[PDB]
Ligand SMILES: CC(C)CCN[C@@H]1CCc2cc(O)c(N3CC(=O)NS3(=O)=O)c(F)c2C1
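To begin, one chain is listed below as structure tokens, in the form deposited without this ligand.
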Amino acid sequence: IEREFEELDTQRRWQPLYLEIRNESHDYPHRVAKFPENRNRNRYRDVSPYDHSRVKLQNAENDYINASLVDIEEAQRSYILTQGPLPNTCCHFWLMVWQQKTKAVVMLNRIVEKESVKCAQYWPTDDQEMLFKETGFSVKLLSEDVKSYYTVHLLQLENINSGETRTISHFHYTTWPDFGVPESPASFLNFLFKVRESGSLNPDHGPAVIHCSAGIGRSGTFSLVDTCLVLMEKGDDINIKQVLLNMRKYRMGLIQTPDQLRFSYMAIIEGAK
């Protein structure tokens, strides 16, 4: 119901609605995140995966990576929300998509040039393959489809330790405004519909990995409107408030501001067609 939106919008009820969702949210444990050795594997000390839903790097010396599995059986939807990899976590990143049989990764942030800020370019921008010998992987850019508000990179992920090959689709939404939320969910909605078109979100493949810089704001927005757009078209009586509360059990802080909350509504409404 959009009347819910118009009602919330009139009475200026966004800061309060969001502020509530913050109180109802429960805090689970995240000790592994805090281990000294895992300190430099986190971009933000304040954003950590819950020990009960965190993704484990299997058979690794250290099995920690700041990523969370988000299960929503009620929609046959499942994703891995993570942080944009750091210069020292790129091979962990790829090791992870491999072990999870991930078919697609959607990136919602821009790679910044500053480089005083980490933000590692983890996939190739030309015909030169990135090699990660520590975990035994190779990544090669097959082709890139550069649209207006996004870009899709076709990547070949090869396990050098066995010759096994897979092709991953890297969807990069490039127009989220620095600071603030988009004024219209048009370009964002199409991007969502394009990754759906690839069929990478179906329960057939492994969980798609979604990420922005921290993996809770933009990443949360994408997940929420995707799950909600599946709860509709199917069952009904969608309570965005609770659905977002059930997602916050797998990973903390999804939706960081009332604007992102409000934007999610707008997207779910317009996208509901």
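Only residues modelled in both forms are compared. Rigid core here is just the name for the largest C-alpha set that superposes within 1.5 Å across the two forms. Note that residue numbering follows the sequence shown and begins at 1.
There is another form of the same protein, the form solved in complex with this ligand; it is not shown, and what comes next is about it.
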>> I'd like to check something about residue 54: if you look in the bound PDB entry, is any of its heavy atoms closer than or equal to 4.5 Å to a heavy atom of this ligand?
In response: no
> Counting only non-hydrogen atoms and a 4.5 angstroms cut-off, does residue 238 reach this ligand in the bound PDB entry?
Replying inline: no
> Does the 4.5 Å heavy atom contact test between residue 118 and this ligand in the bound PDB entry come out positive?
Replying inline: yes
> Does at least one non-hydrogen atom of residue 49 fall within 4.5 angstroms of this ligand in the bound PDB entry?
Replying inline: no
>> Considering non-hydrogen atoms and a 4.5 Å limit, which listed residue (247, 212, 65, 225) is close to this ligand in the bound PDB entry?
In response: 212
>> Which is the contacting stretch out of 70-78, 85-93, 174-182, 140-148, given heavy atoms within 4.5 Å of this ligand in the bound PDB entry?
In response: 174-182
> Using a 4.5 Å cut-off on heavy atoms, which residues of 243-273 contact this ligand in the bound PDB entry?
Replying inline: 252, 253, 256, 260
> Where among 141, 119, 152, 75 does the Cα move by 2 Å or more between this form and the one not shown after the core is superposed?
Replying inline: 119
>> Superposing on the rigid core, is the Cα displacement of residue 87 between this form and the one not shown 2 Å or more?
In response: no
> Is the C-alpha displacement of residue 181 equal to or greater than 2 Å between this form and the one not shown once the rigid core has been superposed?
Replying inline: yes
> Where do residue 114 and residue 91 end up in the bound PDB entry, Cα atoms closer or farther than shown, with a change of 3 Å or more?
Replying inline: farther
> Taking the shown form as reference, are the C-alpha positions of residue 178 and residue 210 brought closer or pushed farther apart in the bound PDB entry, with a change of 3 Å or more?
Replying inline: closer
> Considering only residues present in both forms, which runs of at least 3 consecutive residues have all C-alphas displaced by 2 Å or more between this form and the one not shown after core superposition?
Replying inline: 113-119, 177-184
